[PDB]
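Below: one structure, written as structure tokens.
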Amino acid sequence: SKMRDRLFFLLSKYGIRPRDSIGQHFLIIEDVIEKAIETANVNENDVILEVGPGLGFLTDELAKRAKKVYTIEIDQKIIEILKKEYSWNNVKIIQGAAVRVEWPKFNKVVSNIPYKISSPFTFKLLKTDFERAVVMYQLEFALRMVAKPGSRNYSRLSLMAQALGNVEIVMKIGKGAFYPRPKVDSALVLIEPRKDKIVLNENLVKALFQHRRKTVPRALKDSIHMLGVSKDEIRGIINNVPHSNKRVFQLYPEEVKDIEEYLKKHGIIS
């Protein structure tokens, strides 16, 4: 309520509307912010990466707890409002689409991931030096991140989220803690990066996961006529591929790597 007239006061003070994009809903509750920070263990030493600061509500609490905070927004007026309404020594505003701009060093992330970029973002993040990330996706996206191989909703994301990270869903987050109210719930996600990251070939993984319901022969066979490669040059080679029996939505990162070393050896990916 206090943080919510405090949302409206800025919206009216600056003449901006509920939603610029239909993929943006500000977090507007303090102990979700506090619990996001407490989950991250932000200390005086840390260097933070928020995405989409909105009206500075979560940036405030990060800024008063850490050494340094980098924070990205793409709307030039939002920046103007984070600069006028706040008096930070340590916060560093960056203008851009956070998927395209080059990121700083940071040991941690504490963010509310706008949904329009939940998947580009997460991919970039999982391939970075960070000891901890505490991100707020939607409940569906968060569940896709933690889906188990074989299970219906296993995707390119769930694989690389398993290959390269550990993923608590810390708690569900009521649609009530945002404005405008979202149609659906959100979730809080912890991401420590994996000790033994299983490093995979990207072009392979997309190819396999372009049609993830296909068996890995069919998935490999259909992809490479597309590349420009003759099917005749490749009939024999693929047909001794490991786990040719699996469909792609049933693959462990351990099993994609086996396919990697095989195609590379037998001379396809390289």
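Chain labels follow the order of the structure tokens: the first chain is A, the next B, and so on; residue numbering restarts at 1 in every chain, and ligands are counted from 1 in their shown order.
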Could you go through stretch 2-94 of chain A and tell me which residues DSSP, when run on the backbone, assigns to strand (DSSP E), listing them as a PyMOL selection string? chain A and resi 26-27+47-51+68-73+91-94
Extract, using only C-alpha atoms, all DNA, RNA and protein residues at most 8 Å from stretch 41-55 of chain A, discarding same-chain residues fewer than 3 positions from it, and format them as a PyMOL selection string. chain A and resi 7+10+26+37-38+58-59+62+65-73+78+81-82+98+105-114
Could you write out the selected residues, including N, CA and C atoms, as a PDB file, in the first residue's frame?
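Final output, saved to part21.pdb:
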```pdb
ATOM      1  N   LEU A   7       4.395   3.612  -5.862  1.00  0.00           N
ATOM      2  CA  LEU A   7       4.378   3.326  -7.292  1.00  0.00           C
ATOM      3  C   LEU A   7       3.544   4.375  -8.031  1.00  0.00           C
ATOM      4  N   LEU A  10       4.846   8.033  -8.472  1.00  0.00           N
ATOM      5  CA  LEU A  10       5.882   8.179  -9.483  1.00  0.00           C
ATOM      6  C   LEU A  10       5.253   8.138 -10.870  1.00  0.00           C
ATOM      7  N   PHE A  26       5.617  -4.403 -12.536  1.00  0.00           N
ATOM      8  CA  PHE A  26       6.565  -4.077 -11.470  1.00  0.00           C
ATOM      9  C   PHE A  26       6.285  -4.854 -10.186  1.00  0.00           C
ATOM     10  N   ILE A  37      16.620 -10.651  -1.450  1.00  0.00           N
ATOM     11  CA  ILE A  37      17.955 -10.234  -1.045  1.00  0.00           C
ATOM     12  C   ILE A  37      18.501 -11.247  -0.046  1.00  0.00           C
ATOM     13  N   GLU A  38      17.676 -11.634   0.941  1.00  0.00           N
ATOM     14  CA  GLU A  38      18.115 -12.529   2.003  1.00  0.00           C
ATOM     15  C   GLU A  38      18.519 -13.875   1.389  1.00  0.00           C
ATOM     16  N   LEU A  58      13.597  -2.218  -5.871  1.00  0.00           N
ATOM     17  CA  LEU A  58      14.531  -3.278  -5.512  1.00  0.00           C
ATOM     18  C   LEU A  58      15.975  -2.795  -5.617  1.00  0.00           C
ATOM     19  N   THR A  59      16.224  -1.781  -6.464  1.00  0.00           N
ATOM     20  CA  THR A  59      17.559  -1.214  -6.641  1.00  0.00           C
ATOM     21  C   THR A  59      18.009  -0.515  -5.357  1.00  0.00           C
ATOM     22  N   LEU A  62      19.162  -3.162  -2.764  1.00  0.00           N
ATOM     23  CA  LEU A  62      20.425  -3.725  -3.228  1.00  0.00           C
ATOM     24  C   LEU A  62      21.546  -2.712  -2.989  1.00  0.00           C
ATOM     25  N   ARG A  65      23.043  -2.284   0.507  1.00  0.00           N
ATOM     26  CA  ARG A  65      23.548  -3.513   1.106  1.00  0.00           C
ATOM     27  C   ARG A  65      24.850  -3.971   0.449  1.00  0.00           C
ATOM     28  N   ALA A  66      25.095  -3.580  -0.806  1.00  0.00           N
ATOM     29  CA  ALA A  66      26.259  -4.067  -1.530  1.00  0.00           C
ATOM     30  C   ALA A  66      27.256  -2.940  -1.797  1.00  0.00           C
ATOM     31  N   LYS A  67      28.444  -3.336  -2.266  1.00  0.00           N
ATOM     32  CA  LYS A  67      29.459  -2.401  -2.724  1.00  0.00           C
ATOM     33  C   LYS A  67      28.986  -1.718  -4.005  1.00  0.00           C
ATOM     34  N   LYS A  68      28.641  -2.527  -5.019  1.00  0.00           N
ATOM     35  CA  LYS A  68      28.353  -2.043  -6.360  1.00  0.00           C
ATOM     36  C   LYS A  68      27.110  -2.742  -6.895  1.00  0.00           C
ATOM     37  N   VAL A  69      26.350  -2.012  -7.719  1.00  0.00           N
ATOM     38  CA  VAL A  69      25.171  -2.533  -8.391  1.00  0.00           C
ATOM     39  C   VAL A  69      25.134  -1.954  -9.807  1.00  0.00           C
ATOM     40  N   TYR A  70      25.161  -2.850 -10.804  1.00  0.00           N
ATOM     41  CA  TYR A  70      24.839  -2.500 -12.179  1.00  0.00           C
ATOM     42  C   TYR A  70      23.384  -2.875 -12.422  1.00  0.00           C
ATOM     43  N   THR A  71      22.693  -2.103 -13.265  1.00  0.00           N
ATOM     44  CA  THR A  71      21.258  -2.260 -13.425  1.00  0.00           C
ATOM     45  C   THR A  71      20.887  -1.723 -14.801  1.00  0.00           C
ATOM     46  N   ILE A  72      20.126  -2.504 -15.579  1.00  0.00           N
ATOM     47  CA  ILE A  72      19.845  -2.193 -16.972  1.00  0.00           C
ATOM     48  C   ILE A  72      18.364  -1.838 -17.122  1.00  0.00           C
ATOM     49  N   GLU A  73      18.048  -0.681 -17.740  1.00  0.00           N
ATOM     50  CA  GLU A  73      16.738  -0.455 -18.362  1.00  0.00           C
ATOM     51  C   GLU A  73      16.977   0.152 -19.745  1.00  0.00           C
ATOM     52  N   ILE A  78      12.849   6.016 -17.830  1.00  0.00           N
ATOM     53  CA  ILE A  78      12.963   5.287 -16.581  1.00  0.00           C
ATOM     54  C   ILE A  78      14.245   5.712 -15.882  1.00  0.00           C
ATOM     55  N   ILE A  81      14.194   8.874 -14.149  1.00  0.00           N
ATOM     56  CA  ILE A  81      13.367   8.846 -12.951  1.00  0.00           C
ATOM     57  C   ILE A  81      14.114   8.158 -11.808  1.00  0.00           C
ATOM     58  N   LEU A  82      15.043   7.252 -12.153  1.00  0.00           N
ATOM     59  CA  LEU A  82      15.886   6.587 -11.164  1.00  0.00           C
ATOM     60  C   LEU A  82      16.996   7.522 -10.694  1.00  0.00           C
ATOM     61  N   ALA A  98      19.089  -5.594 -22.206  1.00  0.00           N
ATOM     62  CA  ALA A  98      20.067  -6.356 -21.435  1.00  0.00           C
ATOM     63  C   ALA A  98      20.513  -7.661 -22.111  1.00  0.00           C
ATOM     64  N   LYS A 105      31.376  -7.468 -14.847  1.00  0.00           N
ATOM     65  CA  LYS A 105      31.594  -8.458 -13.806  1.00  0.00           C
ATOM     66  C   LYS A 105      30.589  -8.201 -12.684  1.00  0.00           C
ATOM     67  N   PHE A 106      30.154  -9.291 -12.047  1.00  0.00           N
ATOM     68  CA  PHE A 106      29.243  -9.276 -10.918  1.00  0.00           C
ATOM     69  C   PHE A 106      29.383 -10.641 -10.251  1.00  0.00           C
ATOM     70  N   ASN A 107      29.272 -10.725  -8.924  1.00  0.00           N
ATOM     71  CA  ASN A 107      29.361 -12.034  -8.303  1.00  0.00           C
ATOM     72  C   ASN A 107      27.947 -12.575  -8.119  1.00  0.00           C
ATOM     73  N   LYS A 108      26.958 -11.679  -8.214  1.00  0.00           N
ATOM     74  CA  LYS A 108      25.592 -12.056  -7.928  1.00  0.00           C
ATOM     75  C   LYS A 108      24.636 -11.332  -8.861  1.00  0.00           C
ATOM     76  N   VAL A 109      23.393 -11.827  -8.852  1.00  0.00           N
ATOM     77  CA  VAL A 109      22.261 -11.255  -9.560  1.00  0.00           C
ATOM     78  C   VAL A 109      21.102 -11.253  -8.576  1.00  0.00           C
ATOM     79  N   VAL A 110      20.311 -10.175  -8.564  1.00  0.00           N
ATOM     80  CA  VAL A 110      19.068 -10.104  -7.811  1.00  0.00           C
ATOM     81  C   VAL A 110      18.103  -9.291  -8.655  1.00  0.00           C
ATOM     82  N   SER A 111      17.176  -9.958  -9.335  1.00  0.00           N
ATOM     83  CA  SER A 111      16.436  -9.285 -10.389  1.00  0.00           C
ATOM     84  C   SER A 111      14.980  -9.761 -10.440  1.00  0.00           C
ATOM     85  N   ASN A 112      14.141  -8.949 -11.100  1.00  0.00           N
ATOM     86  CA  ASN A 112      12.833  -9.376 -11.552  1.00  0.00           C
ATOM     87  C   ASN A 112      12.870  -9.430 -13.076  1.00  0.00           C
ATOM     88  N   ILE A 113      13.009 -10.651 -13.611  1.00  0.00           N
ATOM     89  CA  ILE A 113      13.166 -10.900 -15.038  1.00  0.00           C
ATOM     90  C   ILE A 113      11.858 -10.599 -15.769  1.00  0.00           C
ATOM     91  N   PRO A 114      11.786  -9.520 -16.590  1.00  0.00           N
ATOM     92  CA  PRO A 114      10.603  -9.267 -17.413  1.00  0.00           C
ATOM     93  C   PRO A 114      10.476 -10.408 -18.419  1.00  0.00           C
TER      94      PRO A 114
END
```
In stretch 8-203 of chain A, what's alpha helix (DSSP H) per DSSP? Answer as a PyMOL selection string? chain A and resi 8-13+30-40+57-63+76-84+118-125+139-145+156-163+202-203
With 10 Å as the cut-off and only C-alpha atoms counted, what is the closest atom pair between each nearby residue of stretch 99-137 of chain A and stretch 160-174 of chain A? Distances in Å to one decimal, ordered by chain and number, as a tab-separated table.
```
residue	atom	partner	partner_atom	distance
A:122	CA	A:161	CA	8.6
A:123	CA	A:160	CA	7.8
A:126	CA	A:164	CA	6.3
A:127	CA	A:164	CA	7.6
A:128	CA	A:164	CA	9.9
A:133	CA	A:167	CA	9.7
A:134	CA	A:170	CA	9.1
A:135	CA	A:169	CA	9.8
A:136	CA	A:173	CA	8.4
A:137	CA	A:173	CA	9.5
```
Once you have the residues from the selection above, write them out as a CSV table (one decimal), in the first residue's frame, restricted to N, CA and C atoms.
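Saved the output as out-v4.csv:
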```csv
chain,number,residue,atom,x,y,z
A,122,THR,N,18.2,-15.9,-19.6
A,122,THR,CA,18.6,-17.0,-18.8
A,122,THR,C,19.8,-17.7,-19.5
A,123,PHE,N,19.7,-17.8,-20.8
A,123,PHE,CA,20.7,-18.6,-21.6
A,123,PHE,C,22.1,-17.9,-21.4
A,126,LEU,N,23.4,-18.4,-17.6
A,126,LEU,CA,23.9,-19.7,-17.3
A,126,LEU,C,25.3,-19.9,-17.8
A,127,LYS,N,25.8,-19.0,-18.7
A,127,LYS,CA,27.1,-19.1,-19.3
A,127,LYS,C,28.0,-17.9,-18.9
A,128,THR,N,28.2,-17.8,-17.6
A,128,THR,CA,28.8,-16.7,-16.9
A,128,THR,C,29.4,-17.1,-15.6
A,133,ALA,N,22.6,-16.4,-8.3
A,133,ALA,CA,21.6,-15.6,-9.0
A,133,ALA,C,20.2,-15.9,-8.4
A,134,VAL,N,19.5,-14.8,-8.0
A,134,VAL,CA,18.1,-14.9,-7.4
A,134,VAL,C,17.1,-14.1,-8.3
A,135,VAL,N,16.5,-14.8,-9.2
A,135,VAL,CA,15.7,-14.3,-10.3
A,135,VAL,C,14.2,-14.6,-10.1
A,136,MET,N,13.3,-13.8,-10.6
A,136,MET,CA,11.9,-13.9,-10.5
A,136,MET,C,11.3,-14.0,-11.9
A,137,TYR,N,11.1,-15.2,-12.3
A,137,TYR,CA,10.4,-15.6,-13.5
A,137,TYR,C,8.9,-15.8,-13.2
```
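Nearest to residue A:215 of all the residues A:247, A:96, A:25, A:261 is A:247, counting only C-alpha atoms.
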With only C-alpha atoms as the counted atoms, please give the residues lying no more than 7 Å from stretch 115-117 of chain A, apart from itself and same-chain residues fewer than 3 positions off, as a tab-separated table (two decimals) with N, CA and C atoms, in the first residue's frame.
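Result saved to selection-v9.tsv:
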```tsv
chain	number	residue	atom	x	y	z
A	23	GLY	N	4.68	-6.93	-21.64
A	23	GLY	CA	5.54	-7.92	-21.00
A	23	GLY	C	6.26	-7.38	-19.76
A	120	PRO	N	16.00	-15.64	-23.53
A	120	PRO	CA	17.28	-15.12	-24.00
A	120	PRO	C	18.19	-14.86	-22.81
A	121	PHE	N	17.68	-14.08	-21.85
A	121	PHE	CA	18.42	-13.71	-20.65
A	121	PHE	C	19.01	-14.95	-20.01
A	137	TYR	N	11.13	-15.24	-12.34
A	137	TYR	CA	10.40	-15.59	-13.54
A	137	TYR	C	8.91	-15.77	-13.22
```
Counting only C-alpha atoms, what is within 12 Å of residue A:242, bar same-chain residues fewer than 6 positions away, as a PyMOL selection string? chain A and resi 215-217+220+251+254-263
Which residue gives the smallest distance to residue A:156 among A:27, A:207, A:226, A:79, with only C-alpha atoms counted?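 Among the listed residues, A:207 lies closest to residue A:156.
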Can you list, as a PyMOL selection string, every protein, DNA or RNA residue that comes within 9 Å of residue A:143 when you count only C-alpha atoms, leaving out same-chain residues fewer than 6 positions away? chain A and resi 153+158+169+187
Residue A:211 environment, 12 Å, only C-alpha atoms, sequence neighbours closer than 6 positions dropped, as a ChimeraX atom specification: /A:154-156,205,217-223,247-249
So, with only C-alpha atoms as the atoms that count, which of A:91, A:103, A:203, A:176 lies closest to residue A:227?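 Among A:91, A:103, A:203, A:176, it is A:203 that comes nearest to residue A:227.
For the atom pair formed by atom CA of residue A:237 and atom CA of residue A:225, the distance is 14.1 Å, given to one decimal.
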Which residue out of A:132, A:100, A:175, A:231 has the minimum interatomic distance to residue A:194 when only C-alpha atoms are used? A:132
